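First comes the structure, then the notes that go with it.
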Amino acid sequence: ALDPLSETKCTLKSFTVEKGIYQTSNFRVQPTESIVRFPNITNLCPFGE
Amino acid sequence: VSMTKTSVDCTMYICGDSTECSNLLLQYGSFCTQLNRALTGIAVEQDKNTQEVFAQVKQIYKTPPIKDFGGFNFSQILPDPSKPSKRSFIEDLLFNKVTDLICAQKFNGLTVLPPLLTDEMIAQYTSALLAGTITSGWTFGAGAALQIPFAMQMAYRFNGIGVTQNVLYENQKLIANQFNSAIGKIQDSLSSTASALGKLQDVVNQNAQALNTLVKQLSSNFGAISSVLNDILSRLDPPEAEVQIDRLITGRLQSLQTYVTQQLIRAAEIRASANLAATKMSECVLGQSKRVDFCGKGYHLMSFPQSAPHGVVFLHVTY
Amino acid sequence: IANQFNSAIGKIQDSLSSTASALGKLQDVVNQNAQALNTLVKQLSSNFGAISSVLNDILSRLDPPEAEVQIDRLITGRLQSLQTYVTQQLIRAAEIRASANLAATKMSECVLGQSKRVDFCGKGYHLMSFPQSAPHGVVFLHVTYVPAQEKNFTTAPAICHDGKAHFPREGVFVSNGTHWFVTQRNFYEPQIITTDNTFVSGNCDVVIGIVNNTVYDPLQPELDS
Amino acid sequence: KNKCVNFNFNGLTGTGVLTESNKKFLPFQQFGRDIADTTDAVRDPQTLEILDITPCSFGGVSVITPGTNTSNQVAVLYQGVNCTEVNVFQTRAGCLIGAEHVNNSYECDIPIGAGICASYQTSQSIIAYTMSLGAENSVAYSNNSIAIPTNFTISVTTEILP
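Chains as they are written, first to last, in PDB author numbering: chain L, 292 to 340; chain F, 729 to 827, 854 to 1073; chain D, 923 to 1147; chain U, 535 to 620, 641 to 676, 689 to 728.
In structure tokens:
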């Protein structure tokens, strides 16, 4: 991992990259933030009983 | 000729959005990498079929502004520029009679790769081959195109099959009523009968069944307590989850290997048919072949290729 | 024809010597096998779910009943690796046999005999093919007849002389604007229109585009002589 | 909404783009499922509504570069996805960064897709163009005209099979 060229070198396991197109990795979309939506329950469970 | 280009990710397919599941996958070595390279090769081979079949020429052959065919109507095989996508009237039916669904696959983790050669460019190849057949006769595929009148081209095509050239000029009037009426039957048959192209529909159906199965196997638990990774991770102990993750990765790995295996088999079946088509492009279309029942029943005269989705159609004029 | 051939073979030598990628089709076989053989070996170092990839470490560590579980994981995976290798080799075995059959077909049609198939032996009209040995494959040198230059001439379907349409027995009718000549389709060799080169069929009122000319009769000057 | 987030809804954990759904589930129905049985949409347990879930992270990453002896220039190709993160251009294959768009058509050198190819040309840089289908040849056609070859050449073709 330096630039796209270096990624092609490790992909090919060689420092000589021939003319052409080569697939490197996938496209990852990370989540923006954690969202939590739960129902409203104010009652405590009778575990004491 | 061509089959749907599909690229499956063995990392996401086996382990969805899971760090632990992905770590345990590393213990199986390059199996993941290999399953991706195998499918990559398929998509590459699918494009080679178009280059070895659709495009037989390095030049674009155009029709003359004043077209005199000697009493024949080729308007069905020739492209109409008024249409939004350049195609012949016959190709119009070939496109409509062969059948978002792919969007759901994209969200399921299945990448649909676009073909290198667009359908419009495929229509240009055939349009060039059709224009050359009429004007250049048999000489555009064997070398520099030579100008010959189409009326005299058939005189040579009849001499090759054993019919003396003197039958043309006398019966040319009837030869026109037979051909022009024959092309009319092709349009009526292709328009009325939608199952004639089932050979091509079987390719789409085969891929659809293979892709549907590939996705449906993810819902199976494969003997594990649950098929969802988030469930086993939010319930079982760290060592207990690894036990269940082993069962999920094992089955999902086998299901993907079975998929890649079947795609390689079908890749050998399409490449065999593509070679058969390419052979016909040279013998039946470009030149004139004396082979028996290779270009269709009867003595072969001329062949007009037609573009069809994920394939090619041949109209064989025989005596 | 001798200068064109010798000059052509000279271009094959320069092209083959300069271009090393022309045989890449053969190099792909070596690269494919090398990749499959290398991959097959690298799988031995994988754990396949086992605690370790070494067989002695597991057997020398876990108890007899416990080791069998971990050793089984290595056997299962290593067994799957062979199934993967054999599966791929069987697939590639079907590809090579297809090319070999194609070559065998070319040896009979293109090399041994002269093939009339269109563009099977290579562009142009096939004359002969010379095979050449290459590693794990064959090399075909296809000598073909390719026309070079052409010139546009005026043609007519028939000649009208005695009232009956006259047709070419071989070749086509051509004219430069003065006299009508008979010529072959592959080359231009002026020939006088004569009864020996033509045959009589129908009349002059049928053929569309028929032209009037004098068809030479070799018997006319001989009977007059 | 309109963003990829990691969501926990009524105990359902996952990641996906959340967007308002036009599908109306019956009063007793909560979570929907698509053809693949994966969750299509959910019902918010707090404020009842139907919320669509579109999975995130689709598309690949490819590198378009000439030979090493040519130059080190690289053009990144994002497959199956338009330009989002970010010569930033869009193609039918996806977002292509690092390649200029030349309307002039050339012979395909580095194939991309959908009839688009890239090459390293003229101060030289990677360029994108529509694959050229070959020079346009208008064949002269006349009833009385014919072409007879006046010359020939003997050619030697090299074919190789394994």
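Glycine included, every Cβ here is placed at the ideal spot set by N, Cα and C.
Rounded to whole angstroms, what's the CA-CA distance from residue i to residue j? Just pull it up for me.
| i | j | result |
| --- | --- | --- |
| U/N603 | D/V963 | 33 Å |
| U/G601 | U/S673 | 11 Å |
| D/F970 | F/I1003 | 11 Å |
| F/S1009 | F/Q971 | 7 Å |
| F/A858 | L/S297 | 34 Å |
| F/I788 | D/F1103 | 33 Å |
| D/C1082 | D/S1123 | 11 Å |
| U/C662 | U/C590 | 33 Å |
| D/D950 | F/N961 | 28 Å |
| U/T719 | D/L1063 | 16 Å |
| D/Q1054 | F/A896 | 25 Å |
| U/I670 | U/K558 | 42 Å |
| F/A964 | F/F759 | 20 Å |
| F/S974 | F/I770 | 27 Å |
| D/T1027 | D/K1045 | 17 Å |
| D/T1066 | D/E1092 | 23 Å |
| F/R1020 | F/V958 | 12 Å |
| F/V921 | D/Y1138 | 25 Å |
| D/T941 | U/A701 | 26 Å |
| F/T967 | F/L855 | 14 Å |
| F/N925 | F/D873 | 39 Å |
List the residues of chain D whose Cβ lies closer than 9 Å to the Cβ of residue i, in chain order.
| i | result |
| --- | --- |
| F/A905 | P1079, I1130 and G1131 |
| U/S721 | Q926, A930, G1044, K1045, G1046, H1064, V1065, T1066, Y1067 and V1068 |
At 9 Å on the CB atoms, spell out the chain U contacts of residue i, in chain order.
| i | result |
| --- | --- |
| F/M908 | Ordered by position in chain U, no residue passes the 9 Å Cβ test against F/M908, which lies about 13 Å from the chain. |
| L/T333 | Correct list: empty, because the minimum Cβ distance to chain U is about 13 Å. |
| D/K1073 | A713, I714, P715 and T716 |
Under 9 Å between beta-carbons, which chain L residues line up against residue i? List them in chain order, please.
| i | result |
| --- | --- |
| U/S591 | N317, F318, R319, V320 and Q321 |
Using a C-beta to C-beta distance shorter than 7 Å, which residues of chain U count as neighbours of residue i?
| i | result |
| --- | --- |
| L/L296 | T599, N606 and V608 |
| L/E309 | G601 |
| L/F329 | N544, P579 and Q580 |
Note down, in chain order, every chain F residue with its Cβ under 7 Å from the Cβ of residue i.
| i | result |
| --- | --- |
| U/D568 | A858 |
| U/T676 | Those do not exist, as U/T676 stays about 24 Å from chain F at its closest Cβ, beyond 7 Å. |
| U/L699 | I788, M875 and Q878 |
| U/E702 | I788 and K790 |
Under a three-way DSSP split, which group does residue i fall into?
| i | result |
| --- | --- |
| F/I999 | helix |
| U/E702 | strand |
| U/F643 | strand |
| U/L727 | strand |
| F/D1047 | coil |
| F/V772 | helix |
| D/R1000 | helix |
| F/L987 | helix |
| F/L864 | strand |
| U/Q563 | coil |
| L/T307 | coil |
| D/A1015 | helix |
Only counting the same chain, and skipping five residues up and downstream in sequence, which positions put a Cβ closer than 8 Å to that of residue i?
| i | result |
| --- | --- |
| F/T778 | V729, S730, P869, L870, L871 and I876 |
| L/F329 | none |
| L/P295 | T315 |
| L/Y313 | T299, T302 and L303 |
| F/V785 | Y879, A882, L883, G886, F894 and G895 |
| F/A1062 | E819, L822, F823, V826, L951 and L954 |
Counting only the same chain and skipping the five closest in sequence on each side, list residues whose C-beta sits under 7 Å from that of residue i.
| i | result |
| --- | --- |
| F/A1028 | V729, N777, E780 and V781 |
| F/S980 | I986 |
| F/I1024 | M731 and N777 |
For residue i, which residues in chain D fall below 7 Å Cβ to Cβ?
| i | result |
| --- | --- |
| U/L727 | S1021, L1024, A1025, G1059 and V1060 |
| F/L1010 | Simply none; closest approach about 12 Å. |
I want to verify the contact list: residues of chain F whose CB lies under 9 Å from the CB of residue i, in sequence order.
| i | result |
| --- | --- |
| D/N969 | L754, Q755, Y756 and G757 |
Short of 6 Å in beta carbon distance, which residues of its chain neighbour residue i, apart from the five on each side in sequence? Order them along the chain.
| i | result |
| --- | --- |
| D/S1037 | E1031, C1043 and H1048 |
| D/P1112 | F1103 |
Could you tell me which chain F residues have their CB closer than 8 Å to the CB of residue i, listed as they occur along the chain?
| i | result |
| --- | --- |
| U/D571 | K970 and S973 |
Using a cut-off of 7 Å between C-beta atoms, extract the partners of residue i located in chain L.
| i | result |
| --- | --- |
| U/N536 | In chain order: nothing, as chain L lies at least about 10 Å away. |
| U/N616 | In chain order: nothing, as chain L lies at least about 11 Å away. |
Is there at least one Cβ from chain C nearer than 9 Å to residue i's Cβ?
| i | result |
| --- | --- |
| F/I986 | Here chain C cannot be found, since the structure's protein chains are L, F, D and U. |
Given that residue i touches chain U, what residues does it touch there, using C-beta distances under 8 Å?
| i | result |
| --- | --- |
| D/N1134 | Per Cβ cutoff of 8 Å: no residues; D/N1134 is ~15 Å from chain U at best. |
| F/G886 | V705 |
Could you list which residues in chain D have their beta carbon closer than 8 Å to that of residue i, in chain order?
| i | result |
| --- | --- |
| F/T1015 | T1009 |
Item to check | Sequence ranges, beta strand (DSSP E) only - wholly within the region 1056-1143 of chain D, length at least 3 | outcome: 1059-1069, 1072-1076, 1087-1090, 1094-1097, 1102-1105 and 1120-1122
Checklist entry - Which runs of the beta strand (DSSP E), 3 residues or longer, sit entirely within the region 739-817 of chain F? => result 788-790
Item to check | Uninterrupted beta strand (DSSP E) stretches inside the region 537-619 of chain U (no shorter than 3 residues) | outcome: 537-543, 546-554, 575-577, 584-588, 594-599 and 609-613
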